[PDB]
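Have a look at the structure below, then the notes.
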Amino acid sequence: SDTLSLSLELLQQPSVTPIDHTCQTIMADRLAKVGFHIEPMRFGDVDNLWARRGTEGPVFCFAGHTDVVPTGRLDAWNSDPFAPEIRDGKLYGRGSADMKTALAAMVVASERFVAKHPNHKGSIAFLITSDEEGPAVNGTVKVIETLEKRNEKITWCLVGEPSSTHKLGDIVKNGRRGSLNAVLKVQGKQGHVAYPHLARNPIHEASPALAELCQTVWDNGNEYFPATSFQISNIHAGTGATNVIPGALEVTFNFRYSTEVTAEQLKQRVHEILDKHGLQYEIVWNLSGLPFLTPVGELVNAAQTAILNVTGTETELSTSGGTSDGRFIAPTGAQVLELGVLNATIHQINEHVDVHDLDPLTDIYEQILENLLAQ
Amino acid sequence: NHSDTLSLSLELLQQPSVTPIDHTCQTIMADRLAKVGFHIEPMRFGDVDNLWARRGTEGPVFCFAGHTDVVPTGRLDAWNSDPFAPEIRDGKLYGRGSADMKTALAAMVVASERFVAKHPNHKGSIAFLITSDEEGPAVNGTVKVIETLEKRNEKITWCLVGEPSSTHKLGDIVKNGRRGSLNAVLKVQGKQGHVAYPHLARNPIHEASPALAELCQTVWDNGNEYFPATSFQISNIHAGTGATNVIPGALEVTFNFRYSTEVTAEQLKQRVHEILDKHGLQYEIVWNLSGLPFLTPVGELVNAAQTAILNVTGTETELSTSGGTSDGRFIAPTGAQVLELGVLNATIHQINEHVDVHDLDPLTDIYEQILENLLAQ
Ligand SMILES: [Zn+2]
Ligand SMILES: [Zn+2]
Ligand SMILES: [Zn+2]
Ligand SMILES: [Zn+2]
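Protein chains in written order, with the UniProt record's numbering: chain E, 4 to 378; chain L, 2 to 378.
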């Protein structure tokens, strides 16, 4: 498996956001041999790669990221998350599902396509970033700004995120929910635990509020997007003293929202609920992504047949899960379709992908190139 | 021209003695008590320093108890002046330990020095029981000194703990008892995953929110005519390393109970587990009984404190068991009468901790007169 060998080479590189750690160089050295023009684009602390073969349209673009989320408790892993290995037909490692195995399949699919169809039509491109998991202010969004300023348009963009639920290619995504980040800083007064009346405990004042936020119904979604969901990712207060009341509580939460609401409506109902609990605080809001939905066209049609031909599965469209760099590519007019491995273990400890899906995914990606650029 | 109590207070406050580092504080005290006939017996247990200074070999035995350790500062960006750089602003002495409790240590030493100067033929014995770990776990501090004194039958008649016992004015409150202190480190187990795929994970913050909300507004007891009601407080809460799209695998919640004699530690541990199990939480708790509730009899020590305080400030002191606890919890089981008397407790464990300089000399005079009312007359 050429896909398995390239996957292991990428999975061994600790690439926690926004560190690339040679992943874009490993990919570039491979593409540079099959006629791709390598164009690195570093913005601040983020590395990006724009690789392209051909100068005419239509332009097909494989998109993806080399960064992975933090590993977490290292003693909770059955094997070093950056030491990939196979156990009972399962490749374990951070990035094994999200999404270094797809980066590899996209590269192998491309090499095999250029080999069988060297005089293909249009162009093939690779838009890779080292920050898709974090703030994402210096990743794909800045590469797109560069392409847009020089009138370089993408016709079809397949994002290799793990779109599958139960079996390979059972779900393909042409849109995604918005993402609204927040950092709530509830103010209290540092003092003695046995003299609470002389202090203000922020954990105590905020508990009923965070409890209400967790059970709050935001919207019921619609026929194109699932319902808006609220999730607290981090919460911190105290320095470790058992007899000291902490002076400040920091709560980090996020909203994956449908088109039934706007970032401004969520911001307003949240401040209303916090003020209702009479809290004193500061919030640093951050709109990480807008809800987006690209039209259903030939890319979706090429994927329905490629997926059906390789797995025998009838794919279904959805805007479920998180988001992707497709949110920064969609505004250019490119059709966006996300097709990848199972998302069952993404961001989890002992993240893994079934090895039997690596070759088929590569086959599916190669058939999408044939269905759009061969003829 | 700084008073003797302020002078020694500054010398002790200049020592960054975060638990359990003594940072020479017990040597500063011992070098002075040694000049007025106090035998010096340092007792080091693990990384904790302790001092048993004793003047006299016969009873009754009066003991000054206190600690040289202070709680951590946190960061100098919140402090108007360096917390280990004692300074005076509008008659207020600022610095870590200025109220809890280095100013009382200094007063106790100056009081002892002046008492030995006027009453060299006093009866009984005077002793100091000082530890460098009263603010932390306190497993190698006063509890070990008492273990050592008890095994050799060395009993303390009266013990005055210099903890800041006052509310609005010096000596308005003195304490002969304290509620218990029950610590816990609750670890709610969830399952790390993607925030956008919550059904494939388990958010421990979300599961614990309703449970934590109920504990914060729960009524444990109504206390009694000797102790205030049991209070619950969360000191620390932690989950996540910073990723905004990752559901954390576990939530760590550190909490404490200051409890009255209306409940037992086992009764509190049983209610907490019922409430957590009720919310279907998967977890583990590490309990640590820091101190049992204690109440010592009202005797000569109280009578001597009422007299002294009244004579120095014109204030009729009032008994209480309010606030946190002290090393009196390790001394009370020996049979010694325990009474806590000190400066205002309004700024202890707070940023910009300070003490009114006008209370330093009167406090010294109070301690000196307690020695006179118990070992001279
Ligand atoms: Zn991804
Ligand atoms: Zn991800
Ligand atoms: Zn103290
Ligand atoms: Zn203290």
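By construction, the Cβ of each residue, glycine as well, lies at the ideal position given by its N, Cα and C atoms.
Could you check if residue i is buried or exposed, using at least 16 other CB atoms within 10 Å of its CB as the buried criterion?
i, result
"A377 (chain E)", "exposed"
"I235 (chain E)", "buried"
"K279 (chain E)", "exposed"
"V254 (chain E)", "buried"
"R56 (chain L)", "buried"
"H355 (chain E)", "buried"
"residue 417 (chain L)", "For chain L, the structure presents residues 2 to 378; residue 417 (chain L) sits outside this window and is missing."
"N2 (chain L)", "exposed"
"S82 (chain E)", "exposed"
"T58 (chain E)", "exposed"
"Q27 (chain E)", "buried"
"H169 (chain L)", "exposed"
"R179 (chain E)", "buried"
"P334 (chain L)", "exposed"
"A79 (chain L)", "exposed"
"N237 (chain L)", "buried"
"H200 (chain E)", "exposed"
Excluding five sequence neighbours on each side, which residues of the same chain lie with their C-beta closer than 6 Å to the C-beta of residue i?
i, result
"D328 (chain L)", "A66, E135, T143"
"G98 (chain E)", "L14, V71"
"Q283 (chain L)", "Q190"
"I41 (chain L)", "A31, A35, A54"
"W221 (chain E)", "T231"
"residue 3 (chain E)", "Outside the shown range of chain E (4 to 378) lies residue 3 (chain E), about which nothing can therefore be said."
"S166 (chain L)", "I174, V175, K176, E341, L342, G343"
"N223 (chain E)", "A230"
"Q338 (chain E)", "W159, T297, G300, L302"
"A100 (chain L)", "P165, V344, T348, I349, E354, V356"
"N246 (chain E)", "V196"
"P43 (chain L)", "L52"
Going by alpha carbons, who is nearest to residue i out of the options?
i, options, result
"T242 (chain L)", "E:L11, E:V19, E:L14, E:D5", "E:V19"
"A347 (chain L)", "L:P294, L:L171, L:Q218, L:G75", "L:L171"
"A35 (chain E)", "E:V62, E:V117, E:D48, E:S8", "E:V117"
"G163 (chain E)", "E:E267, E:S133, E:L364", "E:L364"
"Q218 (chain L)", "E:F228, E:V220, E:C26, E:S210", "E:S210"
"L77 (chain E)", "L:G250, L:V37, L:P61, L:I29", "L:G250"
"residue 384 (chain L)", "L:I248, L:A244, L:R179", "The first residue shown for chain L is 2 and the last is 378, placing residue 384 (chain L) beyond what the model contains."
"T314 (chain E)", "E:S126, E:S323, E:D173", "E:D173"
"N257 (chain E)", "E:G281, E:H239, E:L290", "E:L290"
"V196 (chain E)", "L:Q351, L:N177, L:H3", "L:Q351"
"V358 (chain L)", "L:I89, L:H68, L:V62, L:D50", "L:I89"
"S232 (chain E)", "E:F63, E:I310, E:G181", "E:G181"
"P73 (chain L)", "L:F63, L:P84, L:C64", "L:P84"
"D5 (chain E)", "E:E373, E:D362, E:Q370", "E:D362"
"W159 (chain E)", "E:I332, E:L293, E:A244", "E:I332"
"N184 (chain L)", "L:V287, L:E155, L:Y95", "L:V287"
"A86 (chain E)", "E:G47, E:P138, E:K145, E:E12", "E:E12"
"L150 (chain E)", "E:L216, E:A128, E:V303", "E:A128"
"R115 (chain L)", "L:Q193, L:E208, L:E369", "L:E369"
"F46 (chain L)", "L:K93, L:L213, L:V37, L:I147", "L:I147"
"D50 (chain L)", "L:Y95, L:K145, L:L213, L:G325", "L:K145"
"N204 (chain E)", "E:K192, E:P43, E:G38, E:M44", "E:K192"
"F228 (chain L)", "L:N304, L:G137, L:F295, L:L375", "L:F295"
"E285 (chain L)", "L:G325, L:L375, L:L187, L:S323", "L:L187"
"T69 (chain L)", "L:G38, L:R33, L:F39, L:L130", "L:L130"
"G194 (chain L)", "E:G325, E:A202, E:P43", "E:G325"
Just list the residues that DSSP pairs residue i with in beta bridges.
i, result
"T255 (chain E)", "E:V186, E:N237"
"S166 (chain E)", "Paired residue(s): none; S166 (chain E) is not in a bridge."
"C64 (chain L)", "L:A128, L:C160"
"residue 393 (chain L)", "As displayed, chain L neither begins before 2 nor continues past 378, which places residue 393 (chain L) out of reach and without an answer."
"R179 (chain L)", "L:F295"
"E151 (chain L)", "The partner list for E151 (chain L) (beta bridge, DSSP) is empty, contrary to what the question assumes."
"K93 (chain L)", "L:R90, L:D357"
"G194 (chain L)", "L:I248"
Can you name, in chain order, every residue of its own chain whose Cβ lies under 7 Å from the Cβ of residue i, other than the five neighbours on each side?
i, result
"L9 (chain L)", "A107, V110, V111"
"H239 (chain E)", "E253"
"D366 (chain E)", "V313"
"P17 (chain L)", "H24, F85"
Tell me which same chain residues have a C-beta within less than 8 Å of the C-beta of residue i, skipping the five on either side of it?
i, result
"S126 (chain L)", "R55, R56, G57, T58, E59, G60, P61, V62, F63"
"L372 (chain E)", "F63, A112, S113, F116, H120, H123, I127"
With a threshold of 8 Å between beta-carbons, can residue i be considered close to chain A, or not?
i, result
"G98 (chain L)", "Here the protein chains are E and L, and chain A is not one of them."
| query | Could you name the residues, in chain order, whose CB is less than 6 Å away from a heavy atom belonging to ligand 4? | reply | Here the residues come out as L:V72, L:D101, L:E136, L:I349, L:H350.
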